[PDB]
Amino acid sequence: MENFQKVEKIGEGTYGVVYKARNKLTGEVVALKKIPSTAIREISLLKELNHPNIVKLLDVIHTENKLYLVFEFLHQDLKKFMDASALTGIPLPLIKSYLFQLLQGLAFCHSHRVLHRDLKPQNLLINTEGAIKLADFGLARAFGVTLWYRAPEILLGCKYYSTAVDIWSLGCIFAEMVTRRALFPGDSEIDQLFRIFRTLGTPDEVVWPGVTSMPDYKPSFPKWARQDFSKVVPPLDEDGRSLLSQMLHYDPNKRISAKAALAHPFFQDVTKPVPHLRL
Ligand SMILES: Cc1nc(N)sc1-c1ccnc(Nc2ccc(N(C)C)cc2)n1
């Protein structure tokens with residue numbers, strides 16, 4: 001760590017503090033994250049998981065029995081950009097470009113059986129050229145709190161969840177870019193679950209076979225009727241609403257994959273616009 005000079009704190013999460021820092025030897029500006037042998041091996045395999053829509057994990061430093069993750073630095077997160085664009089809204093062609101790129105990132109990681117498990121606007125990073133990238137893929141499994149983007153199977157206590165949890169989180173982020181408001185802003189596990197039920201309907205064996213046998217399912221859950229997406233994400237067009245509905249299916253087996261989402265008609269006219277970034 002004597003080779004790195006901290007510039008400023010850019011994040012604080014479950015694992016640890018994230019700093020913007022300068023590599024004293026190369027002159028490189030990086031994102032430095034300060035955090036078991038199985039963890040060293042799993043993180044070292046993530047170093048080889050390279051894609052245009054994944055934040056590059058440059059180095060894993062295991063010195064003085066402490067762990068540091070050195071990432072490439074991007075100039076802003078999606079959270080700051082959504083807050084900066086709250087008065088006008090992010091242009092729909094830019095929303096579409098970012099969703100398309102994040103699905104490409106997900107399709108790549110998922111093909112390598114790597115899950116994110118905690119997607120949120122704070123770990124989606126953007127640059128001046130129009131790219132968007134996912135950060136912290138595979139760190140949840142390797143090392144073994146906002147609930148707004150949590151898939152219903154995680155909230156109902158499924159221990160062996162799938163890549164579908166990331167499609168759910170990304171659907172929630174898509175809705176939030178379009179409407180400029182969090183889709184399900186729960187402040188407790190039960191509030192999160194009941195916010196999902198109040199919008200999409202209380203799940204049952206018809207729409208989600210096996211739901212009533214899930215570890216934290218209670219027959220005493222209130223029964224709420226489902227709402228129309230036209231009410232949930234106005235002014236999104238029918239292609240966008242259809243794709244969103246498939247990303248938010250209750251049954252993880254019915255939920256669209258990232259690979260299938262890339263073929264959705266909503267992306268017929270996708271482009272790569274330039275964002276207006278204030279750095
Ligand atoms: C790996 C990682 N984890 C996080 N919590 S931010 C992060 C990361 C990785 C690469 N670039 C960046 N840039 C960045 C720049 C500015 C901010 N302001 C808070 C807007 C945040 C992140 N963060």
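The chain is numbered in sequence order, starting from 1. What's counted below: heavy atoms across the whole structure, side chains too, no hydrogens, waters or symmetry copies.
- The aromatic rings of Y217 and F221 sit perpendicular to each other, their planes meeting at more than 60°, with 30° as the lower class boundary.
- Under the 4.5 Å side-chain heavy-atom criterion for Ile, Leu, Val, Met, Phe, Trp and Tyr, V17 and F4 are members of distinct hydrophobic clusters.
- Atom CD of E12 sits in a sparse spot, with 12 or fewer heavy atoms from other residues, nucleotides or ligands closer than 6.0 Å.
- Within a 6.0 Å radius of NZ in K254, other residues, nucleotides and ligands contribute more than 12 heavy atoms.
- Here the closest non-hydrogen pair linking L58 and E72 is CD1-N, 3.6 Å.
- The environment of NZ in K56 is crowded: more than 12 heavy-atom neighbours from other residues, nucleotides or ligands sit within 6.0 Å.
- Criterion: ILVMFWY side-chain heavy atoms under 4.5 Å apart, direct or through other members. Under it, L170 and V270 are part of a common hydrophobic cluster.
- Counting all heavy atoms, side chain and backbone alike, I95 lies closest to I90 at CD1-O, 3.4 Å.
- For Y149, there are no ring-ring contact (aromatic ring centres under 6.0 Å, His included) partners, not counting sequence neighbours.
- Remark: the backbone N or O of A140 is not paired with any side-chain donor or acceptor of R117 at under 3.5 angstrom.
- Shown here for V18 and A31, the closest heavy-atom pair between the two residues is CG1-CB, 4.2 Å.
- Closest non-hydrogen pair, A131 versus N127, comes out as N-OD1, 3.0 Å.
- Scanning both residues, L103 and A258, for their nearest heavy atoms gives O-CB, 3.6 Å.
- When the shell of 6.0 Å around CG of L279 is examined, it contains more than 12 heavy atoms from other residues, nucleotides or ligands.
- With rounding to the nearest 0.5 angstrom, the NE2 atom of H249 is 8.0 Å from the CD1 atom of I256.
- Here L106 contributes atom CG and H51 contributes atom NE2; the two are 10.0 Å apart, rounded to the nearest 0.5 Å.
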For a side-chain contact (heavy atoms from CB on, under 4.5 Å) check, start with the C-alpha distance between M177 and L94, then their side-chain angles and the critical distance, and finish with the verdict. CA-CA 10 Å; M177 283 189 284; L94 188 54; over 6 Å; no
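- Between the side chain of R180 and the backbone N or O of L87 there is at least one donor-acceptor pair closer than 3.5 Å.
- Using a 4.5 Å cut-off on side-chain heavy atoms (C-beta onward), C172 and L248 make contact.
- Atom NZ in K272 sits 11.5 Å away from atom CD1 in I132 (nearest 0.5 Å).
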Using side-chain contact (heavy atoms from CB on, under 4.5 Å), reason through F267 and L99 one step at a time and then give a plain yes or no. CA-CA 9 Å; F267 297 117; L99 181 60; 3.7 Å; yes
Between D239 and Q268, is the side-chain contact (heavy atoms from CB on, under 4.5 Å) condition met? List the steps. CA-CA 10 Å; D239 289 318; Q268 189 259 1; over 6 Å; no
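- Taking 4.5 Å as the limit, every side-chain heavy atom of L183 sits out of range of all side-chain heavy atoms of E176.
- At most 12 non-hydrogen atoms from other residues, nucleotides or ligands lie less than 6.0 angstrom from NZ of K6.
- At distances below 3.5 Å, at least one donor-acceptor pair connects side-chain atoms of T202 with backbone N or O atoms of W224.
- Atom CZ of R113 sits about 11.5 Å away from atom OG1 of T163, to the nearest 0.5 Å.
- Atoms NE2 and CD, on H264 and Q246 in that order, are 5.0 Å from each other to the nearest 0.5 Å.
- Checked by atom type and distance alone, the side chain of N3 never pairs as donor or acceptor with a backbone atom of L25 at under 3.5 Å.
- Tested against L134, the residues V55, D166, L124 include a single side chain to side chain contact (heavy atoms under 4.5 Å, CB included) partner, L124.
- Two different hydrophobic clusters hold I154 and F197 under the rule that ILVMFWY side chains link at heavy-atom gaps under 4.5 Å.
- One N or O on the side chain of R195 and one on the backbone of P185 form a donor-acceptor pair closer than 3.5 Å.
- Contact of the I40 side chain with the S44 side chain is registered, since non-hydrogen atoms from C-beta on lie closer than 4.5 Å.
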Give the C-alpha distance, both sets of side-chain angles, the deciding distance and a yes or no for side-chain contact (heavy atoms from CB on, under 4.5 Å) between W148 and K120. CA-CA 8 Å; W148 297 2; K120 58 193 166 200; over 6 Å; no
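- Side-chain atoms of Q192 come within 3.5 Å of backbone N or O of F184 as a donor-acceptor pair.
- The main-chain N or O of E238 is never found under 3.5 Å from a side-chain atom of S242 such that the two would form a donor-acceptor pair.
- By the criterion of side-chain heavy atoms lying less than 4.5 angstrom apart, applied directly or through intervening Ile, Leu, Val, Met, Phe, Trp or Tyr residues, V211 is grouped together with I167 in one hydrophobic cluster.
- Rounding to the nearest 0.5 Å gives a distance of 10.0 Å between CG of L46 and CD1 of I54.
- The same ILVMFWY cluster, assembled from side-chain heavy atoms under 4.5 Å apart, contains both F194 and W208.
- The main-chain N or O of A135 is found under 3.5 Å from a side-chain atom of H116 such that the two form a donor-acceptor pair.
- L57 pairs in a side chain to side chain contact (heavy atoms under 4.5 Å, CB included) with only one of the listed residues (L139, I43, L49), which is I43.
- Between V70 and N23, every side-chain heavy-atom pair lies at or beyond the 4.5 Å cut-off.
- Salt-bridge check for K96 with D269: passed, with a basic side-chain N closer than 4.0 Å to an acidic carboxylate O.
- Residues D59 and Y68 form no side-chain contact, since every pair of their non-hydrogen atoms from C-beta on lies 4.5 Å or further apart.
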Test side-chain hydrogen bond (donor to acceptor under 3.5 Å, both in side chains) applied to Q101 and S97, step by step: CA-CA 6 Å; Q101 286 181 74; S97 174; 3.1 Å; yes
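- In terms of heavy atoms, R241 sits closest to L236 at NH1-O, 2.9 Å.
- With hydrogens and angles ignored, the 3.5 Å screen pairs a side-chain donor or acceptor of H112 with a backbone N or O of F108.
- Under the ring pair (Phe, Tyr, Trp, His ring centres under 6.0 Å) test applied with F174, the options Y98, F100, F266, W168 reduce to a single match, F266.
- Proximity of a side-chain donor or acceptor of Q227 to a complementary backbone N or O of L200 within less than 3.5 Å is not detected.
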